[PDB]
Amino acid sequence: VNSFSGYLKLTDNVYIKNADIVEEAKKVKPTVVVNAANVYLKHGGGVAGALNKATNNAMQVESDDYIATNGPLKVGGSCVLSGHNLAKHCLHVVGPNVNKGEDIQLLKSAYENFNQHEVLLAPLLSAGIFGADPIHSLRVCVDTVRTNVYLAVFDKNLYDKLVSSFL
């Protein structure tokens, strides 16, 4: 049993809810919240800017030190950093940004990072400002992630489309 509430079940391991991932984090304090990161961990808008704002910029300060030491992530890659006031850990995952020309095949690689964590609160990767058509992205999450993932989708019309459309 876990603390996630109101989520609708899609599969054995994937659950979905209309909610802001940041609000899901403050209430649940999950072990892992996933950030929709870029390779520079520059948390400017969407999931990353909203998560970072909720940490009072502590996520950005920590991320700048990580990049200064390690250099940029790979598209499709991830790193584990603090969850600050939102979660124990934040898994920063880089889905491909269609609005920068990145190979959408890298979306499966991105979601494979989730399998290193037994339970996660996450957004749909490469959705929103990353330019990623959402049905494919969900078909990839369900077909890739084997661990227990609680998806918070902020746009109700998109939630509606996905929940009303998931095969």
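Here the rigid core means the biggest group of C-alpha atoms that line up within 1.5 Å when the two forms are laid on top of each other. In this text, residue numbers run from 1 along the sequence as written.
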(request) Rigid core fitted first, then name the stretch among 101-109 and 132-140 whose C-alphas deviate most from the displayed form in 9 other deposited structures of this protein. (result) 132-140
(message) So, looking at the entry's B-factor column for Cα atoms, which has the higher mean, 28-36 or 132-140?
(response) 132-140
(request) Could you settle it for me: does 18-26 or 147-155 have the higher average Cα B factor in the PDB entry? (result) 18-26
(message) Can you tell me which of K100, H117, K42, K108 has the maximum CA B-factor listed in the PDB entry?
(response) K100
(request) Sort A68, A127, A50, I104 by C-alpha B-factor from the entry and give me just the highest. (result) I104
